[PDB]
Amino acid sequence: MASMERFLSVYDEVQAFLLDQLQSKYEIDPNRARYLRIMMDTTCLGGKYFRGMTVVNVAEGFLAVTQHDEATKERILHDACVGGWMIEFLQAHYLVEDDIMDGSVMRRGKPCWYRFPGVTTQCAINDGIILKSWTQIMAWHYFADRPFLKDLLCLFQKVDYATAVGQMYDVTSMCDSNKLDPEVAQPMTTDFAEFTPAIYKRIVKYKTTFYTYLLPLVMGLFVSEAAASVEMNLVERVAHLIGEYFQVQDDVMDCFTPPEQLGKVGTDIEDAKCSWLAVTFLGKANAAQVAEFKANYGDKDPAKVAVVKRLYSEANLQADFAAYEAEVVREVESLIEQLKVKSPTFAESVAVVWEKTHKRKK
């Protein structure tokens, strides 16, 4: 796709800027420049670019309807690409650190970054820090003189914090809340009392929705100077709804989509995660199913994991998923109808966003 290739051409610019600046201001040597170029490529490319391409689509929408000089159109488009890369680099940071946290093996069809033989956990941790740092370098360099600079930095910062809090909800979702204690080694829950749709919703709201949907949508609005032309409460409702759905699919694919197709190897069962599948299963199983789940969940043993997967297949969670999906379509369409009132162009971008999400197979 041509537009994708163009968003990609701005990656090339941003990379050249970052690496040149390392040479000229940070005393980097050539082989460390090469290392960081490879690290940027592996952690920032290969994904679907949904978050990045959402910023661009939001801005393209407003450009079709807004009068500007050509030079202004070019500036806005370039701004939207740079903001999109800020979010892809933030994603790259999150993915580096999450793969370590989750004990993951594959990412975008390659070894996780920390599994590269020449990298290891020790360096990946810091490479993840550098990725985040680059988002700010990029923002201050490109947007220094833009009116939306303070708004963008302030939003970016809140969104990052929400995600970090969400990650803490996730990484501790298999422990009992009353037992959390830095001094005491953490046993896994035996009762699964906290595997509920409300608790699940809390995980997912913070860890994914803000950075995957709120952030790109609003950044599209910032670089378009169009924020005031939308109902923000609606922007937040729609971001959190499509965001949750997006995470539910991720959870389902972790279990049932082949690594060949997904580009990653699942760990949610093994990691004892509060996934949608585990929650929806406890939502419907009988006493004996519950017990066999309890004896097998959250263990790396392939035979225990297979037992969990059979239980999932037997419980017909495909039926629950259809019904959940049908409900989201209802609410997202409602939200999109409500957005046209003030912002038809934005509502349309949100439609496109939803369509792309709804259809994804990875």
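In this text, residue numbers run from 1 along the sequence as written.
A.B. asks: Going by the mean C-alpha B-factor recorded in the entry, which is higher: 253 to 261 or 118 to 126?
C.D. replies: Between 118 to 126 and 253 to 261, it is 253 to 261 that shows the higher mean C-alpha B-factor.
A.B. asks: For the stretches 301 to 309 and 29 to 37, which has the higher mean C-alpha B-factor as given in the deposited record?
C.D. replies: Result of the comparison: 301 to 309.
A.B. asks: According to the Cα B-factor stored in this entry, which of the following is highest: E97, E88, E231, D268?
C.D. replies: Among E97, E88, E231, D268, the PDB entry lists the largest C-alpha B-factor for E231.
A.B. asks: Which one of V105, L131, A287, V171 shows the top CA temperature factor in the record?
C.D. replies: The C-alpha B-factor peaks, among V105, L131, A287, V171, at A287.
A.B. asks: Tell me, lowest, middle or highest third: where does the Cα B factor of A291 rank within its chain?
C.D. replies: For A291, whose C-alpha B-factor we compare with every modelled residue in the chain, the answer is the highest third.
A.B. asks: Among the modelled residues of its chain, does the C-alpha B-factor of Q15 lie in the lowest, middle or highest third?
C.D. replies: Lowest third, going by the recorded CA B-factors of the chain.
A.B. asks: Using the B-factors in the PDB entry, rank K207's C-alpha atom against the chain and give the third, lowest, middle or highest.
C.D. replies: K207: CA B-factor falls in the lowest third of its chain.
A.B. asks: Quick check for you: using the entry's CA B-factors within this chain, is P187 in the lowest, middle or highest third?
C.D. replies: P187: CA B-factor falls in the highest third of its chain.
A.B. asks: Which third, lowest, middle or highest, does the C-alpha temperature factor of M219 belong to within its own chain?
C.D. replies: Answer is highest: the recorded C-alpha B-factor places it there.
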